[PDB]
Amino acid sequence: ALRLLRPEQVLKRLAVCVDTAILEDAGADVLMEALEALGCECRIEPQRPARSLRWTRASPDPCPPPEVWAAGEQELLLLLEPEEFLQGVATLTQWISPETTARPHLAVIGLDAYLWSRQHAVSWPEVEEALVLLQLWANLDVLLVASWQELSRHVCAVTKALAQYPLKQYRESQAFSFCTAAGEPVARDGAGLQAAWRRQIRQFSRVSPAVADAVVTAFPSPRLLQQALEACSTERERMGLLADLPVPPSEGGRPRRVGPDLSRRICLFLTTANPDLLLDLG
Amino acid sequence: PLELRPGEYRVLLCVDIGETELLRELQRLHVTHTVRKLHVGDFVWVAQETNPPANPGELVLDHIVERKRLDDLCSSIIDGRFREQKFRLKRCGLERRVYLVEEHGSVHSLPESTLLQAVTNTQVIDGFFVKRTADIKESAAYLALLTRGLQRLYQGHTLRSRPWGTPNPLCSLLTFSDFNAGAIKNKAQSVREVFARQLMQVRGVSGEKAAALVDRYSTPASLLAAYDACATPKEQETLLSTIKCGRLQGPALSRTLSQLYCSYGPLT
């Protein structure tokens, strides 16, 4: 059971369905030139809003065995003429949406050329307020571009985003709650454990790998570091045991050390019995 | 234990301290705002109690903005800080989340293709709303318009107080006490978090596997003390094989962790 679905093998299962009335601008071919080079499926067929395009991800053909591939439509860009856009800006002084299944989107090509030759009804701050009103009421962005290439740049960027989405969700979910990514190989005689123990110190927050090697050079086993902590008399010696350990100075001759914050965090890692203890805040 | 009554309450902006400049520009557009320390994000709105002990009970609106300038955006992505940074924004209990991007100079440090992709990944996959502004003063003008919408969106709605246990203009909000301290311990590294993360630095140690070890021994003192009490070294080599390993619920893999955690010689 190998069972692998990368971004490059579900972009084959990605499909972009683009309305035929897109083509009445002869600069629309730039999209087709660019989204055939990407290996997603192109569908030139009439669409649920007209002069719009939508995305389609369907589950692969043998089909295993986990449960969610995130199949369905899941994105839809509705393209608008600038004067059709400026109607709805004037509507939102005192609603370009139907209600369909996927996440809605708007684009307008060449707006700031259009408002110059007409104005320079409404103007720019009426538009700027209406983008905020489209934001707040209906979670709705409008992609203001200046060419068909910039439209096609974003249309390809959406399409690479929808191919990488099922990879990312199966490491978001189905990873237990500490991850936010492989293991050091160990032989029969240990013998790679020191490079693993070096990286265990690097799993503390705010630790450069130069700092992490300075911990392990001093104390090359876990039992060699707890034995050094238990040889201290006062708790201050425990919290400052690793603090005086020299570090590469890093681009300026000012020499560095490991320092007290990490030295106390390692101290009340191994000595504490409270697993809910916060080592730091941030 | 709070209600905000619609007859009077205060809808105002909270800004983070690290904006040292936008604070000059924001006062001109008549935006009612205070400056506070915010533990996740850079911009947030609260519902102040209007006439309380000069200590308002404050409910926090379901909107967060994080502003990365594009220069520091490239920095924060190329060192792995970015995925940790968005994940904190994703898990903060304010779930209409906006990602504000300022230009601030030339575009060419990282290429055009890869920067546009990650922003559109943040738009699509991570669920954020992307606003792109050109300078400091357009984004302040954006947040001016974004503030006066949220006043008008909450006019005459009645607001109540959720616990940290969890369209429509969203009432029943978190309080600002529950928000900050909830954001504190999202990013706060606990002993259990590290010890789980440390265990999976070994080849063969996985997420269901390491949380099983953490279920049996919650702190690293207890794994060492379990090793302390068992008498012969065959026991410590075979201590861990009987854990509740998996969703489903390693014999020689108990061996190699005991080589890490019982050897008083140096490792190799």
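Numbers and lists here come from the model and the stated rules, or from a named source; no laboratory read-out is quoted. We place every Cβ from the backbone using ideal geometry, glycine too, and count neighbours over all the protein chains shown.
Residue count for the range A:43-72, restricted to those that are under 25 Å from A:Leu106 (Cβ atoms) and more than 26 Å from the chain's Cα centre (by Cα): 10. Of the residues making up the range A:22-41, those that are surrounded by fewer than 16 Cβ atoms within 10 Å (Cβ to Cβ), out of contact with any strand residue (DSSP E or B) (no Cβ under 9 Å at 6 or more places or on another chain) and part of a helix (DSSP H, G or I) number 4. Of the residues examined, A:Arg236 is not one that is outside any loop (DSSP other than H, G, I, E, B), within 8 Å of chain B (Cβ to nearest Cβ) and of a type in the set (D, E, K, R).
If I go through the range B:178-222 residue by residue, how many of them are hydrophobic (A, V, I, L, M, F, W, C) and out of contact with any helix residue (DSSP H, G or I) (no Cβ under 7 Å at 6 or more places or on another chain)? Give the steps one after another, and end with the answer.
At the first step, the residues of the range B:178-222 found to be hydrophobic (A, V, I, L, M, F, W, C) are B:179, B:181, B:183-184, B:188, B:191, B:194-196, B:199-200, B:202, B:205, B:210-214, B:221.
Among the residues that remain, those that are also out of contact with any helix residue (DSSP H, G or I) (no Cβ under 7 Å at 6 or more places or on another chain) are: B:179, B:181, B:183-184, B:188, B:212.
Number of matching residues: 6.
Against the conditions (1) within 30 Å of A:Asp112 (Cα to Cα); (2) in a loop (DSSP other than H, G, I, E, B); (3) not acidic (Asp, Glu), A:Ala70 satisfies every one except (1). Across the range A:134-146, which residue is surrounded by the fewest Cβ atoms within 10 Å (Cβ to Cβ) among those that are within 8 Å of another protein chain (Cβ to nearest Cβ) and not in a helix (DSSP H, G or I)? If we take residues in the range A:134-146 being within 8 Å of another protein chain (Cβ to nearest Cβ) and not in a helix (DSSP H, G or I), then A:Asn139 is surrounded by the fewest Cβ atoms within 10 Å (Cβ to Cβ). If you filter the range A:208-228 down to residues that are more than 11 Å from every other protein chain (Cβ to nearest Cβ) and touching a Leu at 6+ places or on another chain (Cβ under 9 Å), you find that the one that is nearest to B:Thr256 (Cα to Cα) is A:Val215.
Let's see how each residue does on (1) assigned to a loop (DSSP other than H, G, I, E, B); (2) not hydroxyl-bearing (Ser, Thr, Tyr):
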site: A:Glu150; (1), (2): no, yes
site: A:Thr159; (1), (2): no, no
site: A:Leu162; (1), (2): no, yes
site: A:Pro166; (1), (2): no, yes
site: A:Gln169; (1), (2): no, yes
site: A:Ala175; (1), (2): yes, yes
site: A:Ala181; (1), (2): yes, yes
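Residues in the range B:123-152 that are assigned to a helix (DSSP H, G or I), facing chain A (nearest Cβ under 10 Å) and touching a helix residue (DSSP H, G or I) at 6+ places or on another chain (Cβ under 6 Å): B:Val124, B:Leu145, B:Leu146, B:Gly149. Every condition in (1) at the interface with chain A (Cβ under 10 Å from one of its Cβ atoms); (2) in contact with a strand residue (DSSP E or B) (Cβ under 8 Å, 6 or more places away or on another chain); (3) surrounded by fewer than 18 Cβ atoms within 10 Å (Cβ to Cβ) is met by B:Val98 except one, and the failing one is (3). Just so you know, in the range A:147-177 the residues that are under 30 Å from B:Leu115 (Cβ atoms) and of a type in the set (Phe, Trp, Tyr) include one that is nearest to the other protein chains (Cβ to nearest Cβ), and it is A:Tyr165.
In the range A:28-46, the residues that are over 14 Å from A:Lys12 (Cβ atoms) reach residues that are loosely packed, with under 13 Cβ neighbours inside 10 Å with C-beta atoms within less than 8 angstrom, at least six apart or across chains, in these pairs: A:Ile44/A:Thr20; A:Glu45/A:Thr20; A:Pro46/A:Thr20. Consider the range A:184-207 and keep the residues that are buried (at least 16 other Cβ atoms within 10 Å of the Cβ) and of a type in the set (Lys, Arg). The one that is nearest to the other protein chains (Cβ to nearest Cβ) is A:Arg199. Of all the residues in the range A:123-133, those that are assigned to a helix (DSSP H, G or I) and either facing another protein chain (nearest Cβ under 7 Å) or polar (S, T, N, Q) (or both) number 4. Of all residues assigned to the range A:205-222, at least one qualifies as being outside any helix (DSSP H, G or I), of a type in the set (S, T, N, Q) and under 32 Å from the mean Cα position of the chain (by Cα).
Against the definition (touching a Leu at 6+ places or on another chain (Cβ under 6 Å), of a type in the set (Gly, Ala, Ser), within 13 Å of chain A (Cβ to nearest Cβ) and under 30 Å from B:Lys37 (Cβ atoms)), how does B:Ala188 come out, yes or no?
yes
Answer yes or no as to whether A:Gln9 is under 30 Å from A:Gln174 (Cα atoms) and either surrounded by 14 or more Cβ atoms within 10 Å (Cβ to Cβ) or not charged (D, E, K, R) (or both). For A:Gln9, the condition - under 30 Å from A:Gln174 (Cα atoms) and either surrounded by 14 or more Cβ atoms within 10 Å (Cβ to Cβ) or not charged (D, E, K, R) (or both) - is met. Has the range A:243-259 got at least one residue that is assigned to a helix (DSSP H, G or I) and crowded, with 19+ Cβ neighbours inside 10 Å? Looking through the range A:243-259, none of the residues is assigned to a helix (DSSP H, G or I) and crowded, with 19+ Cβ neighbours inside 10 Å. Scanning the range A:215-229 for residues that are farther than 19 Å from B:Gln236 by Cβ and surrounded by 20 or more Cβ atoms within 10 Å (Cβ to Cβ) returns A:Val215, A:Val216, A:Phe219.
Applying the condition of being crowded, with 22+ Cβ neighbours inside 10 Å and among the small types (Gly, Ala, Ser) to the range B:181-209 and asking which residue is farthest from A:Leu281 (Cα to Cα) yields B:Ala196. Answer yes or no as to whether B:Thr114 is out of contact with any strand residue (DSSP E or B) (no Cβ under 9 Å at 6 or more places or on another chain), assigned by CATH to the domain that holds B:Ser76 and farther than 30 Å from B:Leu224 by Cβ. So B:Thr114 passes the test.
If the condition is being hydrophobic (A, V, I, L, M, F, W, C) and within 13 Å of A:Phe176 (Cα to Cα), then the range B:195-204 contributes B:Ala196, B:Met200.
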